[PDB]
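> first portion of the complex, with coordinates as positioned in the assembly:
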Amino acid sequence: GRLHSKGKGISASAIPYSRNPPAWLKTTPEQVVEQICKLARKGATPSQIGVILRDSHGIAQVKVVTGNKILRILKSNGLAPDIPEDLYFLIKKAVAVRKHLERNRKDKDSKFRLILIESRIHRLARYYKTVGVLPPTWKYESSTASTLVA
Amino acid sequence: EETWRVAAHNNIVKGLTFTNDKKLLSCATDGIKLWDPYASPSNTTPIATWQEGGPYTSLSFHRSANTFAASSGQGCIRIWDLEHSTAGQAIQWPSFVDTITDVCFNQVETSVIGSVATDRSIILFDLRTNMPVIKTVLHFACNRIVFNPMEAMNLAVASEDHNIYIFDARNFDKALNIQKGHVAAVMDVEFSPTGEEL
Amino acid sequence: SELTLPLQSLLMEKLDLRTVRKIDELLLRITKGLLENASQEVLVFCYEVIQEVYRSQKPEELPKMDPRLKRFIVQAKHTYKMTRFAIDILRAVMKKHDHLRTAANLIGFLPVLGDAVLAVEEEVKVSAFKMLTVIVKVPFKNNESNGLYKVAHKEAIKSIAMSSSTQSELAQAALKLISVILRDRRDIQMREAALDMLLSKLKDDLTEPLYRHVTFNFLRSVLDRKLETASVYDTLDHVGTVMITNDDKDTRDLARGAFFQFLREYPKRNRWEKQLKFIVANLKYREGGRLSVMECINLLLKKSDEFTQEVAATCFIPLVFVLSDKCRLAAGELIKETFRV
Amino acid sequence: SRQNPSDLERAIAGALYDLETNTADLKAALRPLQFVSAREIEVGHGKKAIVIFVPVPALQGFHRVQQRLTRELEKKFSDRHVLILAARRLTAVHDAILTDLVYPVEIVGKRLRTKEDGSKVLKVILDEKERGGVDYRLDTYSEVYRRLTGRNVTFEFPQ
Amino acid sequence: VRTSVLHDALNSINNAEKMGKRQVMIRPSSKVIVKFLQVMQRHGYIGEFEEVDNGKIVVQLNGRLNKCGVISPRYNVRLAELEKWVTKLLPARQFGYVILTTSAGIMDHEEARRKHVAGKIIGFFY
């Protein structure tokens, strides 16, 4: 239940029924795919892609219009991030916290949150390793996290 | 002590009635059966049985003739006349799926049949021209319909709204009366044979 | 007989309903194997099988009527399958062979086929019904069948009235028996309440495409003998609109045949003039309807002399008012027939 | 494609050809389509309903325009229920057959209601925002779905 | 978390039969739950249920049953063991049923003795 901190929180995004039409929200799937490809080329994460689509174009879900999800489409056209988005954001967050610790050390709450983030990264990292995404042996410390940054 | 007992069916006995001669009928999920409980030898075996017509739920016998209607679970009621009908005539609302829970012949006005169904609805039936007549959807499910034995047009539905609704069969716009006193759902309602109590 | 000996030796004992239905399937397929094949012996063999069934049945246990309605119901001992089997053998044999269709052979079966119709089992009832449809036409030299066909007529009407849908096989077999009785035997009169009930039940089965030909066979059978009643008039007022407003030719032609037999047969001038206003209005009337009403006008001009003069006089002028392209060529053929008569 | 024509396949293909010229001023999926497939098997008694099978990207190509195309296909052709569907060759396929059956209206829920014995009845509900023009087409929907698949379903608006 | 969604469903059924309600909302559905309720409906302890979709199950119950339960390790059982397992799980041999995941499907112990097949004990009701 929201992992680390206590608190349930039922903040969830709903998905409607009939995974096919939203008809009056026109535009062919091919056009949507090409827009997604353009966004990927400009350098945006799948989640950011989805948000952009939500903002401007007549879309509901890519999985509805097109046969595939965004990440799956990116993988088919070989335009996917090095470290699968969420993992990349977590490592960026960990780097930021380490840099804050380096600037000022006594902040024990920041050190605790750093530890939490590292644990969450390890939790993600193990399961990514299992699903043959990331190459075996993946360190997530200041020796490699700093090199990764972006 | 009892007068006559028999291990009738496998499942629970959902509906049961007496014929106008002396014999009694019983529903189940097995199918309905007919026995002669008043005979000079006691017979445990039935003398007629009926399985075709879906899972039956309730029975109701006619006032005068040997006709009876069984409410099934296929959304139809079906009407037999004893001694010259075998499968009966299946009357239904034209596109109806939900089960008809109860069925009740009007004893005053013959050939008017009321029924409730788990669409939270009551439906009527005219037996003279074999078709349904009118269907009203209420808010909650109704467990049982019954008619008034002195006033031919008034009916009462016992419903899961903890409530009894006394309706007029000619104008289903509003309830003639709403009896509200319960705590859990109402399972059975029955008018007095003087027609003035419940 | 080597086939039916172990069956009897098995089903003489106490039995349950699944194996009862098994023996029913076995016996109906024995009858199908019999009806493809030395024929008088087949007749006396059927009679002997039915005699052994009547010997084996207990006379204290008979079908009794319904306690609530005073007639008999059309619906684990399963003895009736042998009767179904034997009458199905008789059905196939008397269907295929004309020289056995004698008045002398079936006097042994006239009290035998009596309890075949009166039985409460659906299988033996439809077997008896199809049997009597085959054996309408035998004179019998003394009108001995003139009580059996009264009984069969009453029970066929009762079975259609008690069946839940007329689209079932028992109601259709009874409808076949009623239609062949009305086509052939003029000794059996029809009751107006029964005919009203039948036509009111067959209003939509007229346009149902699966049973269209059977119900229209029955309707032509009613229109064969003169039956002037309000139900027949009110249903032919509906066959009038079935002729024009229906979509397909296979229903349109059967409606044309029925309405045409009506106009050829039925004996006021006001009414016949109303038919002519109707037919001219449909001529004005969609293009498939124009084609069908033009071919009905053509049939009337062909088969019909004062009526010829009147139908030509009132059909010629709106036709040249009409004079889509197929309807125009058809109207040209129609006015050519008008000039020819 | 797949066909050499029957008696009515050439008639419906001639209707698709005739909707190009001598009419509107609207054609987007009309010229890139050929003779495809059609079927004529009864619905109810007396009436029939025409179904036409469609290649699988042309289903969204037809979701582009289906208002007044099916109106003129009903009026100008035979006065019977016209109905387009994709062609296919399990449970995802039958789900696809349902959601391409109901073309303006999105289905919401499927209620597979059992009875007091082993018998069960499926009933798929529709959207409440479009009710008036579909209810006389519901039995045609149910009968075409039975005739194509074999599973008896009944269509009902929620109340 | 109880991965035994069958146990969550059966806990909801026991709570409704204790509280005297007339229906439930079994929120995570399955197929083994549907087969379980199919056996309970054959033996009449549950009126009528429907699987609606987002799915969940709405289970009209008659008010006839006492207790539902799952056997959590799901032990294997032969027929000569099945008699002793029935008389050790049920309060009486004529009251209630033991559910079996056999090679012929999911059924009660009387249907298992009819169809001459053994299997794993999955649950029971009475």
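In hand now; what should we look at? Residues are numbered from 1 along each chain as shown, chains lettered A, B, ... in the order given.

> mind listing what the residue nearest the centre of chain B touches?
Geometric centre of chain B, nearest residue: residue B:103, 2.3 Å, by C-alpha atoms, centre = their mean. Contacts for residue B:103 (C-beta atoms under 8 Å, 6 or more residues apart in numbering or on different chains) come out as B:57-60, B:69-71, B:77, B:113-115, B:145. Quick note: C-beta positions are derived from backbone N, CA and C, even for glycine.

> now tabulate those in TSV and tack on neighbour count and distance to chain C.
What follows is these, written out as TSV (neighbours: other C-beta atoms under 10 Å in any protein chain shown; distance: C-beta to the nearest C-beta, whole Å):
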residue	neighbour count	distance to chain C
B:57	24	18
B:58	23	17
B:59	23	12
B:60	24	12
B:69	26	11
B:70	27	12
B:71	28	15
B:77	27	11
B:113	25	15
B:114	23	19
B:115	27	17
B:145	28	21
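
> chain E: which of the residues you listed is nearest?
The shortest approach to chain E among the contacts of residue B:103 belongs to residue B:57, at 10.2 Å (C-beta to the nearest C-beta).

> what residue in the stretch 201-341 of chain C comes nearest to chain D?
For the stretch 201-341 of chain C, C-beta to the nearest C-beta, closest residue to chain D: residue C:208, 2.9 Å.

> which parts of the helix or strand hosting residue C:296 are buried?
Applying DSSP states H and E as the criterion places residue C:296 in helix C:287-303. The neighbour-count check on helix C:287-303 (16 or more other C-beta atoms under 10 Å in any protein chain shown) flags C:288-301 as buried.

> helix/strand/coil for residue A:51?
helix (DSSP: H, G, I helix; E, B strand; the rest coil).

> okay, now chain F:
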Amino acid sequence: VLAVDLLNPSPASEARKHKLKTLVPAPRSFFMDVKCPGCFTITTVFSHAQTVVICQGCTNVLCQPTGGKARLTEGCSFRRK
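Once chain F is put in with the chains from before, the structure reads:
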């Protein structure tokens, strides 16, 4: 209470239930069409937009994001589908 039809809740009790707690869950958000009176351009905006949606050019606005529904701007029209 004690018995109720759980496969057929009322639309009014269904409509006041939270999103994820309706019988089959579904959203309660909608899409709008928006024009700004000098332009014949029809941008289609989501109801709970997080983007400061801009029309096809003309550095304007169409809505601002919030904690809930996007506040459409000023004088603008909206049909909702």
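
> and the buried residues of helix C:287-303, now that chain F is in?
So for helix C:287-303, counting by 16+ other C-beta under 10 Å, buried means C:288-301.

> for the residue nearest to the centre of chain B, list each beta-bridge partner.
With DSSP bridges as the criterion, residue B:103 is bridged to residue B:115.

> and it, how far is that from chain D?
15 Å (C-beta to the nearest C-beta, to the nearest Å).

> isn't residue C:285 right next to residue C:245, touching?
No: Residue C:285 is beyond contact range of residue C:245, at 9.2 Å (criterion: C-beta atoms under 8 Å).

> the two: which is more packed in?
Between residue C:285 and residue C:245, counted using other C-beta atoms under 10 Å in any protein chain shown, residue C:245 has the larger neighbour count: 16 against 12.

> what residues does the more buried one make contact with?
residue C:289.

> got the phi and psi for it?
Torsion angles at residue C:245 (phi, psi; degrees, to the nearest 10) stand at phi -80, psi -10.

> do the same with residue B:110
phi -70, psi 160.

> nearest residue to it other than its sequence neighbours?
Among residues not flanking residue B:110 along the chain, residue B:63 sits closest, at 5.7 Å (C-beta to C-beta, 6 or more residues apart in numbering or on different chains).

> point out the residues in chain E that sit beside chain C.
Taking C-beta under 8 Å from any C-beta of the partner chain, no part of chain E reaches chain C.

> so what's whatever residue of chain E ends up closest to chain F closest to, chain neighbours aside?
Relative to chain F, the nearest point of chain E is residue E:22 (2.4 Å; C-beta to the nearest C-beta). For residue E:22, the nearest residue in space outside its immediate sequence neighbours is residue F:3; the separation is 2.4 Å by C-beta to C-beta, 6+ apart.

> so who does residue B:108 touch?
Residues in contact with residue B:108 (C-beta under 8 Å, 6+ apart) are B:147-152.

> now the sequence for chain G, which goes on the structure above:
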Amino acid sequence: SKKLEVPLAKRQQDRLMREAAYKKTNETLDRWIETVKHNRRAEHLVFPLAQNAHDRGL
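Following on from the chains above, chain G is added here:
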């Protein structure tokens, strides 16, 4: 009015036929309205009824 009309949809034809059945059943309950009215407006009701006696006119 001897001209036939177009056949309607099955739902609308059923609805008109069942409206006719509702009018017929309302007539056969309007034959009971007057006795129901007298029973509810009367001052003293005597049960069982005189018409249900098994020796009615003896």
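
> and the contacts of residue C:245, now that chain G is in?
C:289, G:4, G:6-7.

> list the contacts of residue C:228.
Residue C:228 neighbours (C-beta under 8 Å, 6+ apart): residue C:266.

> for it, give me phi and psi.
Dihedral angles for residue C:228 - degrees, to the nearest 10 - are phi -90, psi 100.

> tell me which parts of chain B are close to chain D?
Residues of chain B lying close to chain D by C-beta under 8 Å from any C-beta are B:11, B:14, B:29, B:54-55, B:57, B:73-74, B:95, B:97-99, B:119, B:137.

> looking at the residues you listed, which are in strands?
Cross-referencing those against strands under DSSP state E gives B:57, B:137.

> for chain B, what's the nearest residue on chain F?
Counting by C-beta to the nearest C-beta, chain F gets nearest chain B through residue F:2, at 4.0 Å.

> quick check: that residue vs residue E:14, distance?
From residue F:2 across to residue E:14, the span is 16 Å (C-beta to C-beta, to the nearest Å).

> next: residue D:94.
When residue D:94 is compared with residue E:14 (using C-beta to C-beta), they lie 36 Å apart.

> ok, now which ones touch residue B:17?
Here residue B:17 is in contact with B:24-26, B:59-61, B:68 (criterion: C-beta under 8 Å, 6+ apart).

> tell me which element the residue of chain C found nearest chain E is part of?
Residue nearest to chain E within chain C: residue C:18 (13.6 Å; C-beta to the nearest C-beta). Residue C:18 is part of helix C:17-34, with elements assigned from DSSP H and E.

> just after that helix, pick out the following helix or strand.
Later in the chain than helix C:17-34, the nearest helix or strand by DSSP H and E is helix C:40-56.

> next helix or strand past that next one?
helix C:81-96.
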